[PDB]
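You are given C-alpha cells for the same protein chain in two forms, set apart as structure 1 and structure 2.
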Structure 1
C-alpha cells in the first residue's frame, strides 16, 4: 500500500514543495514513480526512482529522494512555478518475484505568488 502526503500543500512560487510517498513494503530493486494528472486527466510520469537514482522524465525539478528509513521518499519539486499547481500521486513497481504495480491516493499542490 502507498500513501502520499500532504493531501493538500501550498507553497510560494520559487520555493520547493515536498511530498512524502510512504510504502508498506520496500526492496532494493523496487521502482518508484512520481506522476501528475494532466489537464486531460491522464497520468503522466514526472520522474522515476530506482537503484538509488532519481530520474527526471523531462523536468529535473522533480526529485525523488529516498529517506533514511528507506521505505519513505520525498517527492521534491525544486523551484516551483504557478503551473506546477495540480494533482500528483506516487506509484511503486515491484521488479522482483512478479511485477506488481500500485498507486497511492492523489494529493494537491497549490503554488501561489512569489513572496514579496
Structure 2
C-alpha cells in the first residue's frame, strides 16, 4: 500500500516543494519510482530510489530522500518552475519472481508565478 501526500500542493516558482510517499512495507529489495502523468495519463519516470540511492532520470531537481523510519520518503522538486505543474505519483516493485506493480494515488502540483 502506498500513499502520496498532500493530495495537492501549491507553491511559487523557486520554492523547493515536497511530497511524501509512504509505504506500508519497506524492504531493501524494493525499488521506488516517482512518476509524472502526461496529458493522456501515461506514466513518465522522473526519478528512482534503489539500493540507498536517488537517481534522477533527466532532471536533477527531482530528488528522493528516504526518511529514518525507512517507510516514508521525501519526493522533492528543487527550484520549482511553472512547467513542473501536473500530477505525480509513486510506484514500487520488488525484484521477486512474482511481483505486482503497486502505485499510490495521484497528487497535483501547481507552481504559480513569482
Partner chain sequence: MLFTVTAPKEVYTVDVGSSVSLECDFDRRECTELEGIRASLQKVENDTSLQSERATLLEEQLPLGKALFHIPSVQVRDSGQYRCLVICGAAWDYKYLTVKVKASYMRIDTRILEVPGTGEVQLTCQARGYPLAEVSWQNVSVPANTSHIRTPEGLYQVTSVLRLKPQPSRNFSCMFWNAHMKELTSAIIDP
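Residue numbers count along the first chain shown, from 1. C-alpha atoms forming the largest set that superposes within 1.5 Å between two forms make up the rigid core.
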Exercise. Give me a 1 or a 2 for the form solved in complex with the partner chain.
Key: 2
Quiz item: With the two forms matched on the core, what distance in Å separates the two CA positions of residue 99 between the two structures?
Solution: 2.8
Self-check item: Once the two forms are fitted on their core, CA shift of residue 28 between the two structures in Å
Solution: 1.2
